[PDB]
Amino acid sequence: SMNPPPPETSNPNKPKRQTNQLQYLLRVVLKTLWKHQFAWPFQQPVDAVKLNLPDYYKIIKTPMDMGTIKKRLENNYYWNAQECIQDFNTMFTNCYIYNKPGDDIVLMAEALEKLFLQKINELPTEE
Ligand SMILES: Cc1nnc2c3ccccc3c(-c3ccc(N4CCOCC4)c(NS(=O)(=O)c4ccccc4Cl)c3)nn12
């Protein structure tokens, strides 16, 4: 029971939207990060059971990962690009909360974060 239920990827009440920016977030931004050598720890919810991290969810109360973001984009869960960007941002800050500066996982997150900022600087004007 160490793992909480994963974040929702669809919700019957939450309104859905599609935009060219959200398409870009899936097809370019998420894809670019997903395929990076350092992606793997970020591709699914942290499994505190498999990784033997019994304190992870004692500390992190707003977990977020790229697997969840990918499904959310595929499901048109977000109203706009900012909601999606917020999830990526939570993902990175979580890592910096839980881990010490200079840990390998943190260096990985930092590299992905840099790339993320490069990609969202090219987010297209909404059409
Ligand atoms: C995200 C996140 N934030 N903190 C962590 C973290 C902190 C301590 C140990 C692991 C993590 C992980 C993490 C999540 C998944 C994985 N893998 C998923 C695929 O199957 C092999 C394991 C890993 N791999 S891992 O080999 O444990 C590892 C990765 C990076 C740096 C150090 C280590 Cl020891 C690491 N992800 N993570």
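Note that we place each Cβ from the backbone using ideal geometry, even for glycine, and neighbour counts take in every protein chain shown. Every number in this text was worked out from the coordinates using simple rules, so none of it is lab data.
Can you tell me which of (1) within 14 Å of the chain's Cα centre (by Cα); (2) within 23 Å of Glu122 (Cα to Cα); (3) polar (S, T, N, Q) is the one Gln18 doesn't meet?
(1)
Are there any pairs with C-beta distances below 9 angstrom linking a residue in region 61-80 that is within 19 Å of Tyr24 (Cβ to Cβ) to a residue that is of a type in the set (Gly, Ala, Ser), with the two at least 6 apart or on different chains, and if so which?
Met66/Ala39; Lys71/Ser10; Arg72/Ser10; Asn75/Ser10; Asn76/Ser10; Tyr77/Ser10
Give me the pairs, please: first residue somewhere in region 85-107 and more than 18 Å from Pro6 (Cα to Cα) and in a helix (DSSP H, G or I), second residue anywhere and polar (S, T, N, Q) and near the ligand (Cβ under 10 Å from one of its atoms), beta-carbon distance under 9 Å, and either six or more positions apart or on two chains.
Short answer, once both residue conditions are applied: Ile105/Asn99; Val106/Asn99.
Within region 16-58, track down each residue that is among the hydrophobic types (A, V, I, L, M, F, W, C) and more than 9 Å from the ligand (Cβ to nearest atom).
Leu22, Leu25, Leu26, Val28, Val29, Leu30, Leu33, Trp34, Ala39, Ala48, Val49, listed by residue number.
Determine which member of the set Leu117, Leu53, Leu123 is without any contact (Cβ under 8 Å) to a residue 24 or more places away in the chain, hydrophobic (A, V, I, L, M, F, W, C) and either in contact with a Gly (Cβ under 7 Å, 6 or more places away or on another chain) or part of a loop (DSSP other than H, G, I, E, B) (or both).
Step by step, each of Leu117, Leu53, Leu123 is checked, and only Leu53 is without any contact (Cβ under 8 Å) to a residue 24 or more places away in the chain, hydrophobic (A, V, I, L, M, F, W, C) and either in contact with a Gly (Cβ under 7 Å, 6 or more places away or on another chain) or part of a loop (DSSP other than H, G, I, E, B) (or both).
Enumerate the pairs (first residue in region 3-14 and within 19 Å of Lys58 (Cα to Cα); second residue anywhere and in a loop (DSSP other than H, G, I, E, B) and of a type outside the set (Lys, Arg)) with beta-carbon separation below 7 Å, excluding pairs fewer than 6 apart on the same chain, so at least 6 apart or on different chains.
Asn3/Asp47; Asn3/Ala48; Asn3/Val49; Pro6/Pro45; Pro7/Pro63; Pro7/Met64
Could you tell me how many of the residues in region 111-127 are away from the ligand (no atom under 16 Å from the Cβ) and crowded, with 17+ Cβ neighbours inside 10 Å?
2
Do you know which residues across region 72-96 are crowded, with 16+ Cβ neighbours inside 10 Å and more than 16 Å from the ligand (Cβ to nearest atom)?
Within region 72-96, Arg72, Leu73, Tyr77, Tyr78, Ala81, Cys84, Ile85 qualify.
If you go through region 97-110 one residue at a time, how many are loosely packed, with under 15 Cβ neighbours inside 10 Å and more than 8 Å from the ligand (Cβ to nearest atom)?
Result for region 97-110: 5.
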